[PDB]
């Protein structure tokens, strides 16, 4: 076709774990969906100890925002690298076909911008990330990754082909960081990205992250920033990991319907306790809350969750169901 005859819609992205407004079932024909992201290199405090890294971000956040389109829409991304940044960046969409996912076409020095268009031909949730030749893992593990959801035009379907509709959606980006350590086990500090590079590579080559966090920091999805729901609500949690395997688990719940490797033409796995999202993948889990209270949402390597950071909370409001669970005899000395 002539792409110029298609409707265009502009989307202003929002900060994770929230997701820009969209419709599950497409209310228009195929569209060109316009997004803009501005790269920001910035200092970020990643843990309760105050460890501060030089993060590389799309749009100021770790992860980058979730983009949402429908199958056979076109994604048109304006990517801006302001002259206040120091490094070369680009973008690779796992949703796209050709040119290293767009990375070969989007190399931007500080002070430059570019616009890429691609057709979103496959439905699912997909990773996107920076990937500059020769320095790929350093950019990705400095936070330069996010996800895109390409919904089927008729929305999500269960294992029998009936509709699944979510009431709320959240995006959890999980980030493995590799802060260099000295012989004593202390975090080392660096004056410029160039001076950091070799020790960053050495730290990555240990294959042992120092931190594994949701939404950019230890505890980011707790307290006043806990996720929320009500009993009876249907929630979709999109979860990505651009570099390393993870295994999400909702403590006190389940994944009712899970696309662990994130691709919606496949039937979901039912009734999961824990699911494996391979590094370089996004997955999606759908759950209907049945009990109120605090839930922990974790990577179920519990060391990764509770010592390294990969844990957040839901706060769920509503009625307690004593048929589903009850204390028969509360803890006591007999």
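Numbering follows the first chain given and starts at 1. Between two forms, the rigid core is the largest collection of C-alphas that superpose within 1.5 Å.
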Original post:
Following superposition on the rigid core, is the mean squared CA displacement, expressed as RMS, greater for 108-116 or for 182-190 in 7 other deposited structures of this protein?
Top reply: 182-190
Subject >> Which of 92-100 and 76-84 strays further in 7 other deposited structures of this protein - Cα RMS after rigid core alignment >> reply: 92-100
**OP:** Could you check the entry and say whether 297-305 or 48-56 has the higher mean CA B-factor?
**Re:** 48-56
Original post:
Comparing 36-44 with 61-69, where is the mean C-alpha B-factor higher?
Top reply: 36-44
Subject >> Given 246, 215, 84, 114, the residue at which the Cα B factor reaches its maximum >> reply: 84
Original post:
Out of 311, 325, 316, 11, which shows the largest CA B-factor listed in the entry?
Top reply: 11
**OP:** Using the B-factor values recorded in the entry, state whether the Cα atom of residue 76 falls in the lowest, middle or highest third among the modelled residues of its chain.
**Re:** middle
Original post:
When the modelled residues of the chain are sorted by Cα temperature factor, does residue 255 land in the lowest, middle or highest third?
Top reply: middle
Subject >> Where the record places residue 164 (Cα B-factor, split into thirds across the chain) >> reply: highest
Subject >> Chain thirds of CA B-factor: placement of residue 276 >> reply: middle
Original post:
Comparing residue 176 with the other modelled residues of its chain, is its CA B-factor in the lowest, middle or highest third?
Top reply: lowest
